[PDB]
$ cat protein31.txt   # compact mmCIF, C-alpha atoms and all ligand atoms
# COMPACT_ATOMS: atom_id res chain seq x y z
CA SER A 34 0.00 0.00 0.00
CA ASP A 35 1.96 3.00 -1.34
CA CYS A 36 2.66 5.11 -4.42
CA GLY A 37 5.70 6.61 -6.10
CA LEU A 38 6.59 9.32 -8.59
CA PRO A 39 4.35 9.74 -11.64
CA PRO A 40 5.63 8.92 -15.15
CA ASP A 41 7.10 11.54 -17.47
CA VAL A 42 4.65 12.24 -20.29
CA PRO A 43 6.36 13.87 -23.29
CA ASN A 44 5.53 17.56 -23.77
CA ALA A 45 3.55 17.84 -20.53
CA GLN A 46 4.13 18.47 -16.85
CA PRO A 47 2.32 17.07 -13.79
CA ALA A 48 1.01 19.18 -10.94
CA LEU A 49 2.92 17.61 -8.06
CA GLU A 50 1.53 20.12 -5.52
CA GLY A 51 4.60 19.37 -3.39
CA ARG A 52 3.76 15.72 -2.64
CA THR A 53 6.68 13.42 -1.84
CA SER A 54 4.54 10.27 -1.80
CA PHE A 55 0.98 9.74 -2.84
CA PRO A 56 -1.76 7.62 -1.26
CA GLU A 57 -3.72 5.25 -3.44
CA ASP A 58 -6.71 6.73 -5.32
CA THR A 59 -4.91 10.08 -5.51
CA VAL A 60 -4.86 11.45 -9.05
CA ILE A 61 -2.34 13.82 -10.64
CA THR A 62 -3.09 15.73 -13.85
CA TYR A 63 -0.52 16.58 -16.52
CA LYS A 64 -0.81 19.86 -18.43
CA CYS A 65 0.37 20.63 -21.94
CA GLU A 66 2.75 23.51 -21.28
CA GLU A 67 4.07 25.24 -24.44
CA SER A 68 2.38 25.32 -27.89
CA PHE A 69 0.42 22.16 -27.00
CA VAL A 70 -3.21 21.75 -25.91
CA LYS A 71 -5.17 18.66 -24.85
CA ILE A 72 -7.03 16.36 -27.26
CA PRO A 73 -10.78 16.16 -26.47
CA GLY A 74 -11.46 12.98 -24.53
CA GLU A 75 -7.82 12.04 -23.98
CA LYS A 76 -6.57 11.16 -20.50
CA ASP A 77 -4.84 14.14 -18.91
CA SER A 78 -4.31 12.43 -15.54
CA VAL A 79 -3.07 9.17 -14.03
CA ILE A 80 -4.58 7.74 -10.86
CA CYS A 81 -2.52 5.69 -8.42
CA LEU A 82 -3.63 2.05 -8.29
CA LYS A 83 -3.24 -0.74 -5.75
CA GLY A 84 0.37 -1.85 -5.44
CA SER A 85 1.71 1.55 -6.46
CA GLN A 86 0.58 1.08 -10.01
CA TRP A 87 -0.01 4.05 -12.30
CA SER A 88 -2.25 3.92 -15.41
CA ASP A 89 -0.62 4.18 -18.87
CA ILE A 90 -1.06 7.51 -20.66
CA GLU A 91 -0.50 7.95 -24.36
CA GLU A 92 0.82 11.35 -25.35
CA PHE A 93 -2.27 13.54 -25.49
CA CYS A 94 -0.84 16.90 -26.54
CA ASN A 95 -0.47 17.95 -30.16
CA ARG A 96 0.63 21.01 -32.08
CA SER A 97 -2.02 23.71 -32.14
CA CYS A 98 -2.67 27.21 -33.40
CA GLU A 99 -4.30 29.60 -30.97
CA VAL A 100 -7.74 31.21 -31.31
CA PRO A 101 -8.91 32.23 -34.81
CA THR A 102 -8.11 35.88 -35.42
CA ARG A 103 -10.58 38.63 -34.63
CA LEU A 104 -11.91 40.00 -37.92
CA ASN A 105 -13.91 43.18 -38.46
CA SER A 106 -15.40 41.62 -41.61
CA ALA A 107 -16.75 38.38 -40.19
CA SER A 108 -17.09 35.99 -37.27
CA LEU A 109 -16.64 32.26 -36.82
CA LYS A 110 -19.55 30.23 -38.16
CA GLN A 111 -21.61 28.38 -35.55
CA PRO A 112 -20.10 24.84 -35.43
CA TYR A 113 -16.64 26.40 -35.12
CA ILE A 114 -17.30 28.55 -32.04
CA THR A 115 -17.11 25.64 -29.58
CA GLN A 116 -13.74 24.32 -30.76
CA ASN A 117 -10.66 25.09 -28.66
CA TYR A 118 -8.21 22.64 -30.29
CA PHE A 119 -6.63 23.47 -33.67
CA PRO A 120 -4.04 21.00 -34.98
CA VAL A 121 -2.03 21.70 -38.12
CA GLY A 122 -4.37 21.82 -41.11
CA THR A 123 -7.53 22.91 -39.30
CA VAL A 124 -10.06 24.74 -41.48
CA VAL A 125 -12.66 27.12 -40.01
CA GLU A 126 -15.51 28.89 -41.75
CA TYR A 127 -16.68 32.50 -41.41
CA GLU A 128 -19.91 34.40 -42.04
CA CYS A 129 -20.26 38.12 -42.76
CA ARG A 130 -21.17 40.51 -39.93
CA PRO A 131 -24.49 42.44 -39.81
CA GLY A 132 -23.52 45.25 -42.19
CA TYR A 133 -21.27 43.29 -44.56
CA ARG A 134 -21.51 41.22 -47.76
CA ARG A 135 -19.46 38.34 -49.18
CA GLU A 136 -16.87 39.09 -51.87
CA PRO A 137 -17.48 35.97 -53.97
CA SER A 138 -13.96 35.64 -55.39
CA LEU A 139 -12.40 34.99 -51.99
CA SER A 140 -12.59 32.17 -49.45
CA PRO A 141 -14.60 32.35 -46.20
CA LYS A 142 -11.95 30.09 -44.67
CA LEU A 143 -8.46 30.20 -43.20
CA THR A 144 -6.51 27.25 -41.85
CA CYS A 145 -3.88 26.55 -39.22
CA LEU A 146 -0.29 26.40 -40.44
CA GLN A 147 2.82 24.62 -39.19
CA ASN A 148 4.08 27.89 -37.65
CA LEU A 149 1.23 27.62 -35.09
CA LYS A 150 -0.08 30.80 -36.72
CA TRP A 151 -3.24 31.16 -38.75
CA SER A 152 -3.10 31.74 -42.48
CA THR A 153 -3.24 35.37 -43.58
CA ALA A 154 -6.74 36.80 -43.24
CA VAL A 155 -8.41 38.32 -46.27
CA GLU A 156 -11.33 40.74 -46.49
CA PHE A 157 -13.77 38.27 -48.00
CA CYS A 158 -16.59 40.37 -46.50
CA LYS A 159 -16.82 43.97 -47.69
CA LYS A 160 -19.03 46.69 -46.25
CA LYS A 161 -22.52 47.03 -47.65
CA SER A 162 -23.43 50.07 -49.75
CA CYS A 163 -26.47 51.98 -48.57
CA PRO A 164 -28.58 53.29 -51.47
CA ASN A 165 -27.57 56.42 -53.33
CA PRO A 166 -28.49 59.47 -51.23
CA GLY A 167 -30.41 61.29 -53.97
CA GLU A 168 -30.69 65.05 -54.42
CA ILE A 169 -32.26 67.70 -52.19
CA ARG A 170 -34.22 70.02 -54.46
CA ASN A 171 -32.85 73.49 -53.68
CA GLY A 172 -30.33 71.81 -51.38
CA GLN A 173 -26.88 70.26 -51.16
CA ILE A 174 -25.47 67.06 -49.67
CA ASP A 175 -21.90 66.59 -48.44
CA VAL A 176 -20.56 63.03 -48.70
CA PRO A 177 -17.19 63.45 -46.94
CA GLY A 178 -16.55 59.69 -46.89
CA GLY A 179 -18.88 57.52 -48.94
CA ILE A 180 -22.07 55.52 -48.98
CA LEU A 181 -20.57 52.49 -47.21
CA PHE A 182 -22.04 51.27 -43.93
CA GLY A 183 -21.14 53.52 -41.02
CA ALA A 184 -20.59 56.90 -42.70
CA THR A 185 -22.47 60.14 -42.02
CA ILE A 186 -23.63 62.54 -44.74
CA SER A 187 -24.50 66.16 -43.97
CA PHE A 188 -27.39 68.22 -45.31
CA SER A 189 -27.38 71.80 -46.54
CA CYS A 190 -29.93 74.12 -48.13
CA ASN A 191 -29.22 76.68 -50.81
CA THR A 192 -29.29 80.29 -49.66
CA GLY A 193 -32.77 81.76 -49.36
CA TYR A 194 -34.18 78.33 -48.41
CA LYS A 195 -34.76 76.84 -44.96
CA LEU A 196 -34.42 73.14 -44.15
CA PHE A 197 -36.95 71.30 -42.00
CA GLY A 198 -35.26 67.99 -41.31
CA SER A 199 -32.22 66.42 -39.72
CA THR A 200 -28.84 68.13 -40.07
CA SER A 201 -27.04 64.90 -40.98
CA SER A 202 -28.01 61.29 -41.67
CA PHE A 203 -25.94 58.17 -40.98
CA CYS A 204 -26.39 54.66 -42.35
CA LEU A 205 -27.01 51.76 -39.96
CA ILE A 206 -28.10 48.13 -40.11
CA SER A 207 -31.81 47.87 -40.98
CA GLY A 208 -32.92 44.27 -40.57
CA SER A 209 -31.34 42.48 -43.52
CA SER A 210 -29.50 45.31 -45.32
CA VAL A 211 -28.26 48.81 -44.55
CA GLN A 212 -30.33 52.00 -44.70
CA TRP A 213 -30.10 55.65 -43.75
CA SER A 214 -31.09 56.76 -40.26
CA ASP A 215 -33.01 59.85 -41.34
CA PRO A 216 -34.95 60.53 -44.56
CA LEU A 217 -34.03 63.35 -46.88
CA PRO A 218 -34.85 66.78 -45.41
CA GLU A 219 -36.97 69.31 -47.30
CA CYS A 220 -35.82 72.80 -48.27
CA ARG A 221 -38.55 75.46 -48.36
CA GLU A 222 -37.87 78.99 -49.55
CA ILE A 223 -38.29 81.82 -47.08
CA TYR A 224 -40.88 84.48 -47.87
CA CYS A 225 -40.48 88.14 -46.95
CA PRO A 226 -43.34 89.10 -44.59
CA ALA A 227 -45.47 91.52 -46.63
CA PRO A 228 -44.94 94.43 -49.03
CA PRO A 229 -45.67 97.76 -47.33
CA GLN A 230 -48.36 99.72 -49.16
CA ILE A 231 -47.48 103.37 -49.83
CA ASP A 232 -49.92 106.24 -49.37
CA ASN A 233 -50.51 107.84 -52.80
CA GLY A 234 -48.30 105.24 -54.47
CA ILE A 235 -49.12 102.22 -56.61
CA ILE A 236 -47.02 99.06 -56.35
CA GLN A 237 -46.34 97.61 -59.80
CA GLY A 238 -47.01 93.96 -60.59
CA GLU A 239 -48.07 92.32 -57.34
CA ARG A 240 -47.58 88.56 -57.14
CA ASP A 241 -49.18 86.04 -54.82
CA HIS A 242 -45.88 85.38 -53.01
CA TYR A 243 -42.55 87.20 -52.82
CA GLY A 244 -39.34 85.20 -52.38
CA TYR A 245 -35.68 85.95 -51.72
CA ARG A 246 -33.51 88.42 -53.67
CA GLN A 247 -36.78 89.85 -54.99
CA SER A 248 -37.08 93.61 -55.49
CA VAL A 249 -40.54 95.16 -55.29
CA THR A 250 -40.94 98.37 -57.26
CA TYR A 251 -42.90 101.47 -56.22
CA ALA A 252 -44.24 104.41 -58.21
CA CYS A 253 -45.90 107.57 -56.96
CA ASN A 254 -49.31 108.79 -58.08
CA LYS A 255 -49.81 111.65 -60.52
CA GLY A 256 -48.55 114.92 -59.08
CA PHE A 257 -46.41 113.38 -56.32
CA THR A 258 -42.64 113.64 -56.05
CA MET A 259 -39.85 111.37 -54.69
CA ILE A 260 -40.35 108.43 -57.01
CA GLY A 261 -36.53 108.27 -56.91
CA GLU A 262 -36.08 106.84 -53.41
CA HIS A 263 -35.70 103.66 -55.49
CA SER A 264 -37.31 100.46 -54.22
CA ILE A 265 -36.62 97.86 -51.54
CA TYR A 266 -35.52 94.25 -51.92
CA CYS A 267 -36.03 91.01 -49.98
CA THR A 268 -33.36 90.13 -47.40
CA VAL A 269 -33.35 87.07 -45.13
CA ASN A 270 -31.38 86.82 -41.87
CA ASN A 271 -31.50 83.68 -39.69
CA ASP A 272 -34.88 82.60 -41.16
CA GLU A 273 -36.45 86.05 -40.58
CA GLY A 274 -37.53 88.08 -43.60
CA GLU A 275 -36.39 91.69 -43.72
CA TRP A 276 -36.83 94.52 -46.18
CA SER A 277 -33.59 96.44 -46.72
CA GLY A 278 -34.39 100.11 -46.29
CA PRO A 279 -37.59 101.81 -45.19
CA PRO A 280 -40.31 101.89 -47.85
CA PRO A 281 -40.10 104.88 -50.21
CA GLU A 282 -42.34 107.87 -49.52
CA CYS A 283 -44.59 109.87 -51.86
CA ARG A 284 -44.53 113.66 -51.49
CA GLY B 25 -30.91 58.32 -21.85
CA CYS B 26 -30.37 55.35 -24.15
CA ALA B 27 -28.53 54.61 -27.40
CA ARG B 28 -30.51 53.20 -30.34
CA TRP B 29 -27.60 51.93 -32.49
CA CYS B 30 -25.86 49.37 -30.20
CA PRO B 31 -24.43 46.26 -31.89
CA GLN B 32 -25.50 42.66 -31.36
CA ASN B 33 -24.27 42.19 -27.75
CA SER B 34 -24.36 45.45 -25.77
CA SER B 35 -26.56 47.59 -23.53
CA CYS B 36 -27.30 51.30 -23.91
CA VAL B 37 -25.60 53.21 -21.09
CA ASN B 38 -25.60 56.78 -22.40
CA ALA B 39 -27.18 57.86 -25.67
CA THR B 40 -23.67 58.33 -27.10
CA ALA B 41 -22.01 54.98 -26.30
CA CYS B 42 -22.66 51.29 -25.53
CA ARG B 43 -21.15 48.67 -23.20
CA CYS B 44 -20.32 45.03 -23.96
CA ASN B 45 -22.33 42.32 -22.21
CA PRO B 46 -20.52 39.95 -19.82
CA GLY B 47 -18.70 37.16 -21.58
CA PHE B 48 -18.03 39.51 -24.51
CA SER B 49 -15.03 41.75 -25.07
CA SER B 50 -14.52 44.93 -27.09
CA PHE B 51 -11.37 46.73 -28.08
CA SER B 52 -12.73 49.78 -26.24
CA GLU B 53 -14.68 50.02 -23.00
CA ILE B 54 -17.20 52.52 -24.41
CA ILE B 55 -18.61 51.66 -27.84
CA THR B 56 -18.76 55.06 -29.55
CA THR B 57 -19.52 54.20 -33.15
CA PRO B 58 -21.78 51.34 -34.30
CA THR B 59 -19.06 50.05 -36.64
CA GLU B 60 -17.18 48.70 -33.60
CA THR B 61 -18.23 45.20 -32.51
CA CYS B 62 -18.37 43.10 -29.35
CA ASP B 63 -16.91 39.62 -29.84
CA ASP B 64 -17.06 36.55 -27.63
CA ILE B 65 -14.08 35.79 -25.38
CA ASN B 66 -12.40 32.39 -25.52
CA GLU B 67 -12.71 31.21 -21.93
CA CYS B 68 -11.56 27.74 -23.04
CA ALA B 69 -8.60 28.64 -25.20
CA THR B 70 -5.10 29.67 -24.18
CA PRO B 71 -4.37 31.74 -22.37
CA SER B 72 -7.26 31.26 -19.94
CA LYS B 73 -6.70 31.26 -16.19
CA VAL B 74 -9.71 28.96 -15.72
CA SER B 75 -8.79 25.28 -16.04
CA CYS B 76 -11.46 22.58 -16.08
CA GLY B 77 -9.24 19.87 -14.61
CA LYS B 78 -8.97 16.10 -14.91
CA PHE B 79 -10.93 13.96 -17.40
CA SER B 80 -12.81 17.12 -18.33
CA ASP B 81 -12.97 19.10 -21.56
CA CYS B 82 -13.70 22.81 -21.94
CA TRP B 83 -16.27 23.95 -24.52
CA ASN B 84 -16.37 27.63 -25.43
CA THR B 85 -19.87 28.99 -26.01
CA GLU B 86 -21.28 32.41 -26.81
CA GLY B 87 -21.16 34.38 -23.56
CA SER B 88 -20.21 31.33 -21.48
CA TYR B 89 -17.82 28.42 -21.01
CA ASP B 90 -18.71 24.83 -20.08
CA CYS B 91 -16.58 22.13 -18.46
CA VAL B 92 -17.83 18.56 -18.92
CA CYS B 93 -16.37 15.18 -18.01
CA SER B 94 -14.94 13.44 -21.08
CA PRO B 95 -16.66 10.27 -22.33
CA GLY B 96 -15.76 7.11 -20.47
CA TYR B 97 -15.99 9.18 -17.27
CA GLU B 98 -18.99 10.64 -15.43
CA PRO B 99 -19.59 13.15 -12.63
CA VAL B 100 -20.52 11.91 -9.18
CA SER B 101 -22.81 14.83 -8.35
CA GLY B 102 -24.83 14.51 -11.57
CA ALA B 103 -24.14 18.18 -12.31
CA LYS B 104 -22.74 18.01 -15.85
CA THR B 105 -21.44 21.57 -16.27
CA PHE B 106 -19.03 23.17 -13.81
CA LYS B 107 -17.02 26.38 -13.76
CA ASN B 108 -13.51 25.79 -12.42
CA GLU B 109 -11.27 23.01 -11.15
CA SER B 110 -12.53 22.74 -7.55
CA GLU B 111 -15.89 21.54 -8.91
CA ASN B 112 -14.34 18.65 -10.88
CA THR B 113 -15.92 15.36 -9.79
CA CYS B 114 -15.19 13.17 -12.83
CA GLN B 115 -14.97 9.42 -12.15
CA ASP B 116 -14.27 6.49 -14.47
CA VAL B 117 -17.17 4.35 -15.66
CA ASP B 118 -17.32 0.74 -14.49
CA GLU B 119 -18.14 -0.61 -17.93
CA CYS B 120 -18.00 -4.15 -16.47
CA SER B 121 -20.60 -3.78 -13.71
CA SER B 122 -22.81 -1.88 -16.20
CA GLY B 123 -22.82 -4.64 -18.83
CA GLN B 124 -22.52 -2.10 -21.66
CA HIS B 125 -19.26 -3.41 -23.14
CA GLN B 126 -18.59 -5.27 -26.39
CA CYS B 127 -16.21 -8.12 -25.49
CA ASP B 128 -17.32 -11.61 -26.52
CA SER B 129 -17.66 -14.94 -24.68
CA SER B 130 -13.97 -15.88 -25.08
CA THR B 131 -12.96 -12.76 -23.12
CA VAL B 132 -13.86 -10.86 -19.94
CA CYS B 133 -14.58 -7.21 -19.27
CA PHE B 134 -11.54 -5.34 -17.96
CA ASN B 135 -12.22 -1.96 -16.37
CA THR B 136 -9.52 0.57 -17.21
CA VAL B 137 -9.34 4.38 -17.20
CA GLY B 138 -11.86 5.94 -19.57
CA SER B 139 -12.44 2.62 -21.36
CA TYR B 140 -11.95 -1.15 -21.12
CA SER B 141 -10.21 -4.10 -22.75
CA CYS B 142 -10.74 -7.87 -22.96
CA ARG B 143 -8.64 -10.52 -21.20
CA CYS B 144 -8.78 -14.22 -22.00
CA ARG B 145 -10.73 -16.32 -19.54
CA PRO B 146 -8.28 -18.13 -17.21
CA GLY B 147 -7.19 -21.15 -19.22
CA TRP B 148 -7.77 -19.75 -22.73
CA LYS B 149 -5.40 -19.25 -25.62
CA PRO B 150 -5.51 -16.18 -27.88
CA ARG B 151 -5.39 -17.09 -31.56
CA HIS B 152 -1.86 -16.61 -32.77
CA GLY B 153 -2.22 -13.55 -35.00
CA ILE B 154 -4.47 -11.49 -32.71
CA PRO B 155 -3.06 -9.67 -29.65
CA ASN B 156 -4.26 -10.35 -26.13
CA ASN B 157 -5.50 -7.74 -23.65
CA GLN B 158 -7.24 -5.58 -26.25
CA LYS B 159 -10.80 -4.93 -27.42
CA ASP B 160 -10.44 -7.33 -30.38
CA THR B 161 -9.09 -10.29 -28.39
CA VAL B 162 -10.32 -13.77 -29.37
CA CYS B 163 -9.34 -16.80 -27.27
CA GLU B 164 -9.79 -20.56 -27.52
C1 LIG C 301 -1.59 15.67 -34.46
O1 LIG C 301 -1.83 16.52 -35.58
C2 LIG C 301 -1.43 15.96 -36.85
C3 LIG C 301 -1.74 17.01 -37.89
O2 LIG C 301 -1.25 18.28 -37.49
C4 LIG C 301 -2.12 14.62 -37.12
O3 LIG C 301 -1.58 14.10 -38.33
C5 LIG C 301 -2.31 13.05 -39.00
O4 LIG C 301 -1.39 11.96 -39.19
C6 LIG C 301 -1.93 10.81 -39.86
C7 LIG C 301 -0.82 9.78 -39.90
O5 LIG C 301 -0.13 9.73 -38.66
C8 LIG C 301 -2.42 11.21 -41.25
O6 LIG C 301 -2.95 10.08 -41.92
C9 LIG C 301 -3.47 12.30 -41.10
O7 LIG C 301 -3.95 12.71 -42.38
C10 LIG C 301 -2.88 13.50 -40.35
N1 LIG C 301 -3.88 14.54 -40.19
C11 LIG C 301 -3.64 15.83 -40.46
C12 LIG C 301 -4.78 16.77 -40.24
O8 LIG C 301 -2.54 16.21 -40.86
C13 LIG C 301 -1.90 13.68 -35.94
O9 LIG C 301 -2.60 12.45 -36.08
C14 LIG C 301 -2.35 14.36 -34.65
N2 LIG C 301 -2.20 13.47 -33.51
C15 LIG C 301 -3.24 12.93 -32.87
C16 LIG C 301 -4.60 13.29 -33.41
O10 LIG C 301 -3.10 12.18 -31.91
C1 LIG C 302 -21.45 58.20 -21.32
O1 LIG C 302 -22.41 58.66 -20.37
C2 LIG C 302 -21.92 58.72 -19.02
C3 LIG C 302 -23.06 59.23 -18.18
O2 LIG C 302 -23.81 60.19 -18.91
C4 LIG C 302 -20.67 59.61 -18.92
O3 LIG C 302 -20.13 59.48 -17.61
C5 LIG C 302 -19.62 59.22 -19.95
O4 LIG C 302 -18.55 60.15 -19.94
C6 LIG C 302 -20.25 59.16 -21.34
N1 LIG C 302 -19.26 58.79 -22.34
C7 LIG C 302 -18.62 59.69 -23.10
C8 LIG C 302 -18.99 61.13 -22.90
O5 LIG C 302 -17.77 59.35 -23.93
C1 LIG C 303 -13.13 28.97 -8.47
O1 LIG C 303 -12.86 27.97 -7.48
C2 LIG C 303 -12.73 28.53 -6.17
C3 LIG C 303 -12.21 27.43 -5.27
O2 LIG C 303 -11.45 27.96 -4.20
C4 LIG C 303 -14.09 29.07 -5.74
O3 LIG C 303 -13.98 29.64 -4.44
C5 LIG C 303 -14.55 30.14 -6.72
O4 LIG C 303 -15.88 30.54 -6.41
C6 LIG C 303 -14.49 29.64 -8.18
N1 LIG C 303 -14.71 30.75 -9.09
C7 LIG C 303 -15.89 31.02 -9.65
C8 LIG C 303 -15.93 32.22 -10.55
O5 LIG C 303 -16.88 30.33 -9.44
CA CA C 304 -17.44 32.36 -24.57
CA CA C 305 -13.16 2.34 -17.40

$ encode --input "protein31.txt" --output "structure tokens" --more "lines below"
Ligand SMILES: *[C@@H]1O[C@H](CO)[C@@H](O[C@@H]2O[C@H](CO)[C@@H](O)[C@H](O)[C@H]2NC(C)=O)[C@H](O)[C@H]1NC(C)=O
Ligand SMILES: *[C@@H]1O[C@H](CO)[C@@H](O)[C@H](O)[C@H]1NC(C)=O
Ligand SMILES: *[C@@H]1O[C@H](CO)[C@@H](O)[C@H](O)[C@H]1NC(C)=O
Ligand SMILES: [Ca+2]
Ligand SMILES: [Ca+2]
Amino acid sequence: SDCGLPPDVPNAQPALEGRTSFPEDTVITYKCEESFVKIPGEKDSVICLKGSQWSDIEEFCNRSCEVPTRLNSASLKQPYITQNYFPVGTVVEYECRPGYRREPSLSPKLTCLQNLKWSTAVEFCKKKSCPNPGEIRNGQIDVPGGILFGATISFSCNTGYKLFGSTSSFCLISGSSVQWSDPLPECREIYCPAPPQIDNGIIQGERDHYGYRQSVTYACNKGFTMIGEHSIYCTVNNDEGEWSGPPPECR
Amino acid sequence: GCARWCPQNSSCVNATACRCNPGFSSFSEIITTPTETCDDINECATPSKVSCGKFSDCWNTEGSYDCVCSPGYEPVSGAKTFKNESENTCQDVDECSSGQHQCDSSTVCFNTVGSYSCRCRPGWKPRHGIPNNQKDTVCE
């Protein structure tokens, strides 16, 4: 009734835990130490049997790459997430991330090499392209980057128009494919408040609405002077409509 | 507030950034733009401080890790999944006293570690080409 030292498994090291001798039914586990990891289901320990007999262990470590690389394009397909052992020649699949599409010429796979390093990753998933932004009637759009997933475009109205919408719009994952956060804003032209009506003076050619940069022309009645104060024009400041000078006077 | 653009595995903390769920790691602690992603950590793979222990295999899952006793062994406490080494209770199966072996009449069940073999009945000769003390032993 006793035990002795455990065997020496190649490419592994036991956890002695500072035990000179071991009682029977004690069990010591070996650990793959450098570049090696355990085979699923192999025996990583040896129990001490009656008559100081230790169980035979076949070498249970093998060469292995480490974890598949983190990719911004894709993630490990579902069967391959559970695996933690990657001997030389191990193939793993990949599926494109939420806002990405497969580039069909390339391979959604990369395998373990003899250098214990994974094969060089490729960008087999490229970013999706949100639809073309379009055109804001009487408005501009600034595309500083591009239409690819995760880029913001800004919105601008031509002068004399006022936007009622979101300043910018960014493109985010919309169920299956990508789409813009905010619809296209609408530019609407600012109108100067009202044309002042002059006493003893007719206003030529009234229209239903008066827009920006518009000049409204006055004329005095028969026998009245100062038709030469010129006219006034439509000015807009910070969405408020202003007429430039005071309205001309008939004398 | 709350952010409305978080990726697949995060929670809205402020309206301007997200935070990765437990079990998942990011390259930043605050997820500013939605083009950054949370990915699952490899609790099973090297280098992981957690070790399952003897006769037990680790199985990485999304947002979790599972230790289970390898086949040919079983847990005493019935609890299949455990979390670190101090919970390891894996014990070898007595394939002999269970009757669920595959040796024939010329042999006898031989309990080993994780499996079994077949010894000749006392007074029986293994046919010359076959080896004794293995699962394919035939005696006469
Ligand atoms: C350790 O890994 C190597 C591969 O890296 C395994 O090699 C196999 O070897 C046999 C012959 O011994 C070949 O017929 C197989 O095709 C090889 N497989 C591969 C993927 O190369 C080796 O068997 C492994 N050791 C084990 C599993 O104990
Ligand atoms: C996120 O919000 C919290 C609370 O509002 C704040 O402490 C933190 O600084 C924010 N993150 C930023 C501003 O990047
Ligand atoms: C790891 O095992 C120790 C044993 O001392 C235990 O106290 C601890 O709770 C375990 N860790 C976790 C995260 O369960
Ligand atoms: Ca995990
Ligand atoms: Ca057994």

$ interface_residues --input "protein31.txt" --of "chain B" --to "chain A" --cutoff "9 Å" --atoms "only C-alpha atoms" --output "ChimeraX atom specification"
/B:29,31-32,57-61,63,66,68-71,77-86,93-96,136-138

$ residues_near_ligand --input "protein31.txt" --ligand "ligand LIG 302 (chain C)" --cutoff "7 Å" --atoms "all atoms listed in the file" --output "count of residues only"
5

$ residues_near_ligand --input "protein31.txt" --ligand "ligand CA 305 (chain C)" --cutoff "10 Å" --atoms "all atoms listed in the file" --output "list in words"
residues 95, 96, 97, 115, 116, 117, 118, 119, 120, 133, 134, 135, 136, 137, 138, 139, 140 and 141 of chain B

$ write_last_selection --input "protein31.txt" --atoms "C-alpha atoms" --output "PDB file, keeping the file's coordinate frame"
ATOM      1  CA  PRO B  95     -16.660  10.270 -22.330  1.00  0.00           C
ATOM      2  CA  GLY B  96     -15.760   7.110 -20.470  1.00  0.00           C
ATOM      3  CA  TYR B  97     -15.990   9.180 -17.270  1.00  0.00           C
ATOM      4  CA  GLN B 115     -14.970   9.420 -12.150  1.00  0.00           C
ATOM      5  CA  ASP B 116     -14.270   6.490 -14.470  1.00  0.00           C
ATOM      6  CA  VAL B 117     -17.170   4.350 -15.660  1.00  0.00           C
ATOM      7  CA  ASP B 118     -17.320   0.740 -14.490  1.00  0.00           C
ATOM      8  CA  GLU B 119     -18.140  -0.610 -17.930  1.00  0.00           C
ATOM      9  CA  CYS B 120     -18.000  -4.150 -16.470  1.00  0.00           C
ATOM     10  CA  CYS B 133     -14.580  -7.210 -19.270  1.00  0.00           C
ATOM     11  CA  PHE B 134     -11.540  -5.340 -17.960  1.00  0.00           C
ATOM     12  CA  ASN B 135     -12.220  -1.960 -16.370  1.00  0.00           C
ATOM     13  CA  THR B 136      -9.520   0.570 -17.210  1.00  0.00           C
ATOM     14  CA  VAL B 137      -9.340   4.380 -17.200  1.00  0.00           C
ATOM     15  CA  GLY B 138     -11.860   5.940 -19.570  1.00  0.00           C
ATOM     16  CA  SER B 139     -12.440   2.620 -21.360  1.00  0.00           C
ATOM     17  CA  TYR B 140     -11.950  -1.150 -21.120  1.00  0.00           C
ATOM     18  CA  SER B 141     -10.210  -4.100 -22.750  1.00  0.00           C
TER      19      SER B 141
END

$ residues_around --input "protein31.txt" --residues "residue A:158" --least-positions-apart "5" --cutoff "6 Å" --atoms "all atoms listed in the file" --output "list in words"
residues 106, 129, 133, 134, 135 and 136 of chain A

$ closest_residue --input "protein31.txt" --among "B:27, B:65, B:36, B:103" --to "ligand CA 304 (chain C)" --atoms "only C-alpha atoms and all ligand atoms"
B:65

$ residues_near_ligand --input "protein31.txt" --ligand "ligand LIG 301 (chain C)" --cutoff "7 Å" --atoms "all atoms listed in the file" --output "number ranges by chain"
A: 93, 95-96, 120-123

$ closest_residue --input "protein31.txt" --among "B:109, B:33, B:48, B:67" --to "ligand LIG 303 (chain C)" --atoms "all atoms listed in the file"
B:109

$ residues_near_ligand --input "protein31.txt" --ligand "ligand LIG 303 (chain C)" --cutoff "6 Å" --atoms "all atoms listed in the file" --output "CSV table (one decimal) with C-alpha atoms, keeping the file's coordinate frame"
chain,number,residue,atom,x,y,z
B,107,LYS,CA,-17.0,26.4,-13.8
B,108,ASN,CA,-13.5,25.8,-12.4
B,110,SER,CA,-12.5,22.7,-7.6

$ axis_aligned_box --input "protein31.txt" --around "stretch 102-112 of chain A" --padding-each-side "5 Å" --output "JSON"
{"center_x": -14.9, "center_y": 34.0, "center_z": -38.1, "size_x": 23.5, "size_y": 28.3, "size_z": 17.0}

$ atom_distance --input "protein31.txt" --atom1 "atom CA of residue A:51" --atom2 "atom CA of residue B:113"
21.9 Å

$ atom_distance --input "protein31.txt" --atom1 "atom CA of residue A:207" --atom2 "atom CA of residue B:43"
20.7 Å
